[PDB]
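See structure below.
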Amino acid sequence: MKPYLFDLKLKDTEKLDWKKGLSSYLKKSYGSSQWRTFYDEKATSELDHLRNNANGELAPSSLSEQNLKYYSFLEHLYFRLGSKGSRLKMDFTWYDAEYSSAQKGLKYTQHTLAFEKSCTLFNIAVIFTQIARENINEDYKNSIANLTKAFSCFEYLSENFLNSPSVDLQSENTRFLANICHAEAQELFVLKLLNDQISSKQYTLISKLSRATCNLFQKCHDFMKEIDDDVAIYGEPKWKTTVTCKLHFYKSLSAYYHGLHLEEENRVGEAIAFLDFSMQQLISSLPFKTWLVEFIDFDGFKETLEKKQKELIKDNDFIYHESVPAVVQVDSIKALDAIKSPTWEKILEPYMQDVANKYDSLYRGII
């Protein structure tokens, strides 16, 4: 099976002149004969460059680095100025992410540090998903780790910024994005074990992990259900059908593996009941397979189930006379969530020290 990852969009921003903006503030705060004393030309020049590099053509990991460093600058500035940060009157200007259903050039200008911070962190989260996409070539280890961090960033955004002028930062939309990243991270974890000759035999394990994958996509499904307008859903219209397909597909995969376990425990008939359920779920996913036909061999899996379903039935109708439960216990399979997200605070922490030292003089000049 080939992994199918959603392509998230970055928010664009207008070039901001920190040099002109900071000197102007200073010239207005102190006389034209005093302001230069409070200005750090070198640091301010480097800062202006840093912001441009956090929004340019750098490769994913390097682009991420620029953004984490720039956020650090902002966080320390906020620790020192707080809501007074708006007095700088910096014209922070950001555009809404461009998917399809969204606008084609909707932008806002706001002076609060929270606006500049939230938008930057939104891009940091997106960049983590881009790094995961780019490294989807290894054993999934790196991609899982990066999707996990994306999850953490979107989660912090949904819980910490509540009245953003941008649709991208609405609490319910960042929560949706966080749930997408968590679901994908779990999904890649399952795919990984299925590549391990040894782990691919731990039927019980795969089953539990698969159930968790299903439950996670169920969250995204539920969010997009409250809205029946395909052109009204937040992200890409194409995502709705794929999320629905995945939820049924992983539920099917879960039942299948639990069945292989039941057969291992010589509990045929009970196993046949679960293979029965598995087939049902797989069929339920078919109408939504549109974009995954080249990533998941749907027809091959249908054959694998029927094939196994046969064997169990044959060696039972006249050899292992056992009843077959009408409706198996769905909660018989206990989901296992393998993704432990770190705090945004811990992700940012490694970058805070160097930034505080480099910009101390710049900060002191403001206060």
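Just so we're on the same page: first chain in the structure tokens is A, next is B, and so on; residues restart at 1 for each chain, and ligands are numbered from 1 in the order they show up.
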
Nearby residues (only C-alpha atoms) at most 12 Å from residue 77 (chain A), same-chain spacing under 2 positions excluded, as JSON, numbers by chain: {"A": [70, 71, 72, 73, 74, 75, 79, 80, 81, 82, 83, 84, 85, 86, 88, 112, 113, 114, 116, 117, 352, 355, 356, 359, 360, 361, 362, 363, 364, 365, 366, 367]}

Spatial neighbours of residue 311 (chain A), 12 Å, only C-alpha atoms, chain gap at least 6 places, as a list in words: residues 260, 263, 268, 269, 271, 272, 275, 304, 305, 317, 319 and 320 of chain A

Going by DSSP on the backbone, which bits of region 93-330 of chain A are strand (DSSP E or B)? Write them as a PDB file with N, CA and C atoms, in the first residue's frame, please.
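What landed in selection_17.pdb:
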```
ATOM      1  N   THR A  93       0.700  41.878   7.581  1.00  0.00           N
ATOM      2  CA  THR A  93      -0.321  41.587   6.576  1.00  0.00           C
ATOM      3  C   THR A  93      -0.289  40.148   6.063  1.00  0.00           C
ATOM      4  N   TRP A  94      -1.356  39.400   6.344  1.00  0.00           N
ATOM      5  CA  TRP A  94      -1.448  37.997   5.921  1.00  0.00           C
ATOM      6  C   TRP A  94      -2.666  37.637   5.076  1.00  0.00           C
ATOM      7  N   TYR A  95      -2.443  36.768   4.093  1.00  0.00           N
ATOM      8  CA  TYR A  95      -3.497  36.290   3.203  1.00  0.00           C
ATOM      9  C   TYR A  95      -4.028  34.937   3.679  1.00  0.00           C
ATOM     10  N   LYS A 107      -6.949  39.254   2.413  1.00  0.00           N
ATOM     11  CA  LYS A 107      -5.903  39.556   3.381  1.00  0.00           C
ATOM     12  C   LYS A 107      -6.362  40.496   4.489  1.00  0.00           C
ATOM     13  N   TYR A 108      -5.623  40.480   5.594  1.00  0.00           N
ATOM     14  CA  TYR A 108      -5.911  41.327   6.741  1.00  0.00           C
ATOM     15  C   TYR A 108      -4.616  41.929   7.268  1.00  0.00           C
ATOM     16  N   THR A 109      -4.729  43.121   7.841  1.00  0.00           N
ATOM     17  CA  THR A 109      -3.589  43.811   8.439  1.00  0.00           C
ATOM     18  C   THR A 109      -4.003  44.078   9.884  1.00  0.00           C
ATOM     19  N   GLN A 110      -3.166  43.664  10.830  1.00  0.00           N
ATOM     20  CA  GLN A 110      -3.453  43.852  12.251  1.00  0.00           C
ATOM     21  C   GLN A 110      -2.113  44.065  12.959  1.00  0.00           C
TER      22      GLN A 110
END
```

Gap from CA of residue 243 (chain A) to CA of residue 175 (chain A) - Å, one decimal: 15.4 Å

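Considering the residues A:310, A:20, A:267, A:141 and counting only C-alpha atoms, residue 190 (chain A) has its shortest atom-to-atom contact with A:141.
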
Best match for closeness to residue 261 (chain A) among A:204, A:309, A:32, A:148, counting only C-alpha atoms: A:204

Spatial neighbours of region 10-17 of chain A, 9 Å, only C-alpha atoms, chain gap at least 3 places, as a list in words: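 Contacts, with the query itself left out: residues 20, 21, 22, 48, 51, 52, 55, 90, 91, 92, 93, 94, 95, 96, 97, 98, 107, 119, 120, 122, 123, 124, 126, 127 and 168 of chain A.
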
Residue subset to file, keeping N, CA and C atoms, as a PDB file, in the first residue's frame:
```
ATOM      1  N   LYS A  20      12.519  50.085   8.510  1.00  0.00           N
ATOM      2  CA  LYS A  20      11.736  51.313   8.423  1.00  0.00           C
ATOM      3  C   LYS A  20      10.697  51.395   9.540  1.00  0.00           C
ATOM      4  N   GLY A  21      10.037  50.274   9.815  1.00  0.00           N
ATOM      5  CA  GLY A  21       9.012  50.246  10.846  1.00  0.00           C
ATOM      6  C   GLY A  21       9.521  50.501  12.249  1.00  0.00           C
ATOM      7  N   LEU A  22      10.689  49.956  12.565  1.00  0.00           N
ATOM      8  CA  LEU A  22      11.260  50.130  13.891  1.00  0.00           C
ATOM      9  C   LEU A  22      11.882  51.513  14.061  1.00  0.00           C
ATOM     10  N   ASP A  48      15.018  41.703   9.737  1.00  0.00           N
ATOM     11  CA  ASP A  48      14.242  41.967   8.528  1.00  0.00           C
ATOM     12  C   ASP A  48      14.502  40.856   7.511  1.00  0.00           C
ATOM     13  N   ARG A  51      12.740  37.380   8.567  1.00  0.00           N
ATOM     14  CA  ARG A  51      11.320  37.283   8.217  1.00  0.00           C
ATOM     15  C   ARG A  51      11.152  37.007   6.730  1.00  0.00           C
ATOM     16  N   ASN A  52      11.981  37.630   5.900  1.00  0.00           N
ATOM     17  CA  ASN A  52      11.861  37.371   4.476  1.00  0.00           C
ATOM     18  C   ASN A  52      12.204  35.909   4.201  1.00  0.00           C
ATOM     19  N   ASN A  55       9.592  33.244   4.704  1.00  0.00           N
ATOM     20  CA  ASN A  55       8.492  33.290   3.755  1.00  0.00           C
ATOM     21  C   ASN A  55       8.911  33.249   2.294  1.00  0.00           C
ATOM     22  N   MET A  90       3.246  47.889  13.531  1.00  0.00           N
ATOM     23  CA  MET A  90       3.827  47.157  12.414  1.00  0.00           C
ATOM     24  C   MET A  90       2.648  46.693  11.567  1.00  0.00           C
ATOM     25  N   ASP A  91       2.733  46.878  10.255  1.00  0.00           N
ATOM     26  CA  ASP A  91       1.637  46.470   9.386  1.00  0.00           C
ATOM     27  C   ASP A  91       1.693  44.995   8.982  1.00  0.00           C
ATOM     28  N   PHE A  92       1.554  44.109   9.961  1.00  0.00           N
ATOM     29  CA  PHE A  92       1.556  42.664   9.724  1.00  0.00           C
ATOM     30  C   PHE A  92       0.384  42.345   8.786  1.00  0.00           C
ATOM     31  N   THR A  93       0.700  41.878   7.581  1.00  0.00           N
ATOM     32  CA  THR A  93      -0.321  41.587   6.576  1.00  0.00           C
ATOM     33  C   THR A  93      -0.289  40.148   6.063  1.00  0.00           C
ATOM     34  N   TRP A  94      -1.356  39.400   6.344  1.00  0.00           N
ATOM     35  CA  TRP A  94      -1.448  37.997   5.921  1.00  0.00           C
ATOM     36  C   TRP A  94      -2.666  37.637   5.076  1.00  0.00           C
ATOM     37  N   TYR A  95      -2.443  36.768   4.093  1.00  0.00           N
ATOM     38  CA  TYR A  95      -3.497  36.290   3.203  1.00  0.00           C
ATOM     39  C   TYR A  95      -4.028  34.937   3.679  1.00  0.00           C
ATOM     40  N   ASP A  96      -5.297  34.663   3.408  1.00  0.00           N
ATOM     41  CA  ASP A  96      -5.869  33.375   3.780  1.00  0.00           C
ATOM     42  C   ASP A  96      -5.259  32.310   2.855  1.00  0.00           C
ATOM     43  N   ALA A  97      -5.056  31.100   3.376  1.00  0.00           N
ATOM     44  CA  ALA A  97      -4.505  30.010   2.567  1.00  0.00           C
ATOM     45  C   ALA A  97      -5.407  29.784   1.355  1.00  0.00           C
ATOM     46  N   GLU A  98      -4.803  29.529   0.199  1.00  0.00           N
ATOM     47  CA  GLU A  98      -5.570  29.327  -1.027  1.00  0.00           C
ATOM     48  C   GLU A  98      -5.770  27.863  -1.408  1.00  0.00           C
ATOM     49  N   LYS A 107      -6.949  39.254   2.413  1.00  0.00           N
ATOM     50  CA  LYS A 107      -5.903  39.556   3.381  1.00  0.00           C
ATOM     51  C   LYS A 107      -6.362  40.496   4.489  1.00  0.00           C
ATOM     52  N   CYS A 119      -0.174  33.372  12.702  1.00  0.00           N
ATOM     53  CA  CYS A 119       0.013  33.087  11.280  1.00  0.00           C
ATOM     54  C   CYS A 119       1.332  32.345  11.030  1.00  0.00           C
ATOM     55  N   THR A 120       2.386  32.771  11.713  1.00  0.00           N
ATOM     56  CA  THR A 120       3.682  32.123  11.578  1.00  0.00           C
ATOM     57  C   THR A 120       3.600  30.659  12.062  1.00  0.00           C
ATOM     58  N   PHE A 122       0.987  28.786  12.167  1.00  0.00           N
ATOM     59  CA  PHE A 122       0.149  28.029  11.243  1.00  0.00           C
ATOM     60  C   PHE A 122       1.061  27.480  10.131  1.00  0.00           C
ATOM     61  N   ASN A 123       1.950  28.328   9.626  1.00  0.00           N
ATOM     62  CA  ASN A 123       2.865  27.898   8.571  1.00  0.00           C
ATOM     63  C   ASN A 123       3.882  26.873   9.084  1.00  0.00           C
ATOM     64  N   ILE A 124       4.308  27.019  10.337  1.00  0.00           N
ATOM     65  CA  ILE A 124       5.248  26.070  10.936  1.00  0.00           C
ATOM     66  C   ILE A 124       4.601  24.676  10.931  1.00  0.00           C
ATOM     67  N   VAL A 126       2.180  23.618   8.966  1.00  0.00           N
ATOM     68  CA  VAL A 126       2.088  23.157   7.581  1.00  0.00           C
ATOM     69  C   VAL A 126       3.451  22.654   7.097  1.00  0.00           C
ATOM     70  N   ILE A 127       4.505  23.392   7.421  1.00  0.00           N
ATOM     71  CA  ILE A 127       5.842  22.999   6.992  1.00  0.00           C
ATOM     72  C   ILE A 127       6.228  21.628   7.562  1.00  0.00           C
ATOM     73  N   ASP A 168      -8.546  30.662   8.523  1.00  0.00           N
ATOM     74  CA  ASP A 168      -7.554  29.615   8.765  1.00  0.00           C
ATOM     75  C   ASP A 168      -7.291  29.401  10.248  1.00  0.00           C
TER      76      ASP A 168
END
```

Spatial neighbours of residue 328 (chain A), 8 Å, only C-alpha atoms, chain gap at least 6 places, as a list in words: residues 270, 273, 274 and 277 of chain A

Distance of CA of residue 1 (chain A) from CA of residue 297 (chain A), expressed in Å to one decimal place: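 Taking CA of residue 297 (chain A) and CA of residue 1 (chain A), their separation equals 7.2 Å.
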
Members of region 135-346 of chain A assigned alpha helix (DSSP H) by DSSP, as a PyMOL selection string: chain A and resi 141-160+171-193+203-225+238-264+270-285+298-317+344-346

Can you list every residue of region 86-165 of chain A that has an atom at most 7 Å from region 218-236 of chain A, with its nearest atom pair and the distance in Å to one decimal, using only C-alpha atoms, ordered by chain then number, as CSV?
```
residue,atom,partner,partner_atom,distance
A:99,CA,A:236,CA,5.9
A:100,CA,A:236,CA,6.5
A:101,CA,A:231,CA,5.5
```

Distance of CA of residue 293 (chain A) from CA of residue 253 (chain A), expressed in Å to one decimal place: 16.4 Å

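Distances here use only C-alpha atoms; by that measure, the residue among A:156, A:288, A:256, A:318 closest to residue 301 (chain A) is A:256.
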
Within 9 Å of residue 159 (chain A) using only C-alpha atoms, minus same-chain residues under 4 positions, as a list in words: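 My reading of the contact set: residues 154, 155, 171, 174 and 175 of chain A.
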